[PDB]
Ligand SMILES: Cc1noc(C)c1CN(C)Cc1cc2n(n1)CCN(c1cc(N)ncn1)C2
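For reference, the chain that follows is the form deposited without the named molecule, supplied as structure tokens.
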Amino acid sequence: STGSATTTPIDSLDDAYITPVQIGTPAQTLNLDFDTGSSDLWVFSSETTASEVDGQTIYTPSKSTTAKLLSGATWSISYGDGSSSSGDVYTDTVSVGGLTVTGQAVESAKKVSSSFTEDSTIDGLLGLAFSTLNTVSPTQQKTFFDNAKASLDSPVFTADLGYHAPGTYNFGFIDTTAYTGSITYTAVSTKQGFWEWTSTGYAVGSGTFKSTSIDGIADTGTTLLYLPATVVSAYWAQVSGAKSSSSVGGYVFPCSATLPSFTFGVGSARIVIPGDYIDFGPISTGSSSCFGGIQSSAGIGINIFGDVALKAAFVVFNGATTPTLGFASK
């Protein structure tokens, strides 16, 4: 089997992407944030504290003839941005882009933090990291990918995120029309439960490539590119008037600037992030200070190849017995 679903930016900045997901019988379609940096499929629901729901579509398990309480199971998750959610667990039928999993754990939110309430466009998360990170207790549950994998034509999924445009998540096949040149594959460590890999270096604009190992994670659920402070400083040094602002929470730059590209290495291959991908617009409405899309990972404890980086590539998440990542230009 295969699946193919369009993923759509939630706003004009590509802060996140939402993908429609069919849950239950009859189908309830929710728009979920596919997150290769976590491993819980959780939804706004009929159980979510009413004051914490503001415009989201909810899953109502009592209206699904295939929903079953997973008795005694609870979940609770904290993300890198300090957001959180928790609740109980149903099993139900879940379909993505025509690919159906029966008996998928659908984690129903009783509680969500303010950042989830305030975002009406995201109805929950669909985790695509390794199932070792799943938070369900006392019986850990599998991700949608892990449950689908045996049925897929190939044990893979791909992320093809758009810049200020829709893109695609495919399951079980690699669309050879969706990228240019060849796919470069690189090793993955699953030790921390992530799609963790080592970039071979970087370049800023038309500058020479710096060969250096940068361990980080391929994370579709993180907006920005978080890299070591040395690398980030070298990038923003090429932008007149850019500076790190402790008040704002990172590097800002004059909205009048033209940003240089940023290149990262994948083995001997190179992915180029155009300068426009690094602009996240005014820090507050009407400001001439703009927020940068490359920020320091110092104090996060891991480098993160978030959407800024991944949207510049066609990305293969190879879930074979020895997982690997692939990157192609597009």
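For every residue, the number given is its place in the sequence shown, counted from 1.
Just so you know, the form solved in complex with the named molecule exists too; it's not on screen, but the next bit is about it.
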Interface check vs the named molecule in the entry with it bound: of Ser154, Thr93, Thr223, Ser86, the one with a heavy atom inside 4.5 Å is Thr223
Would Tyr79 show up as a contact with the named molecule in the entry with it bound if we use heavy atoms at 4.5 Å?
yes
Can you tell me whether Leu310 touches the named molecule? I mean in the entry with it bound, with a 4.5 angstroms heavy atom cut-off.
no
Is there any non-hydrogen atom of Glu107 lying within 4.5 Å of the named molecule in the entry with it bound?
no
Given that the partner is absent here, does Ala16 sit within 4.5 Å of the named molecule in the entry with it bound, heavy atoms only?
yes
Taking only heavy atoms into account, state which residues of 119-133 are within 4.5 Å of the named molecule in the entry with it bound, ordered by sequence.
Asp119, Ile122, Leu125
